[PDB]
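Take a look at the letters that make up each chain.
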Amino acid sequence: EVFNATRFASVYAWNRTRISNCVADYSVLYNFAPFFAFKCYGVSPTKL
Amino acid sequence: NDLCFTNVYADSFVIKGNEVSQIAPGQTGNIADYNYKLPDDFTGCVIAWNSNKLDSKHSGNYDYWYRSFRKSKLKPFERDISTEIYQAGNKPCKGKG
Ligand SMILES: *[C@@H]1O[C@H](CO)[C@@H](O[C@@H]2O[C@H](CO)[C@@H](O)[C@H](O)[C@@H]2O)[C@H](O)[C@H]1NC(C)=O
Ligand SMILES: *[C@@H]1O[C@H](CO)[C@@H](O)[C@H](O)[C@H]1NC(C)=O
């Protein structure tokens, strides 16, 4: 629901959503975007 | 010109401009992860010069390739020449579309 959106808000008003009470499998994050910059800082993306 | 190297590897490949800055030890991108990953403690140099006279012509040219879909990341200094249809969802699909 955050990658299927159609009106991703402009940067001046950055839409902030909270994710809790859920199981995060980032394969569904991988399949919805042919990535261009997956630069991760706090955590290695593979170890997610 | 005043060092001695047990051995020297020269990997050559033409690639788009942004990927030139992409190519570096410890980076990310469709090339740095699925096409060519440079190991972290790399000891050497990278060389990039513009070649629009050998990779271009009227009516176009599409001889060059790259891999934007791989099952996993590419380990440092490994080649993954393969044409396997990437799996999306759960289909054993073997085809395009
Ligand atoms: C950021 O955008 C999200 C996707 O549009 C919003 O999540 C959804 O918003 C709809 C209403 O547009 C809700 O009905 C739905 O339950 C879900 O929350 C999200 O609200 C939005 N956040 C902000 C701060 O704009
Ligand atoms: C968004 O959801 C629709 C649901 O019909 C789907 O067809 C589409 O591929 C999705 N696209 C993205 C970018 O999530």
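This entry, as listed in the PDB, derives from cryo-EM and reports a resolution of 3.65 Å.

Chain B carries the name Spike glycoprotein in the PDB entry, which gives Severe acute respiratory syndrome coronavirus 2 as its organism. Per the PDB header, the title for this entry is "SARS-CoV-2 JN.1 Spike".

By the naming in the PDB entry, chain A is Spike glycoprotein, taken from Severe acute respiratory syndrome coronavirus 2.

Trainee: Describe the site of ligand 2, naming the residues involved and giving the relevant values.
Mentor: Residues and elements named next belong to chain A. Taken together, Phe3, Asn4 and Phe32 form the complete shell of residues around ligand 2. Within the backbone of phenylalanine 3, one N or O atom sits 3.4 Å away from an oxygen atom of ligand 2. A distance of 2.4 Å is found between an oxygen atom of ligand 2 and a side-chain nitrogen or oxygen belonging to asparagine 4. For ligand 2, the accessible surface in isolation is 360 Å², of which the surrounding protein chains cover 32%.

Basis of the calculations
- Residues numbered from 1 in each chain as written, not as in the entry; some residues may be left out.
- Chains lettered and ligands numbered in written order.
- Part of a larger assembly, values for the part shown.
- Heavy atoms only, no water.
- Near = heavy atom within 4 Å.
- Polar contact = N/O pair within 3.5 Å; in protein donor to acceptor, adjacent residues only side chain to side chain.
- Areas by Shrake-Rupley, 256 points an atom, 1.4 Å probe, with all protein chains shown as cover.

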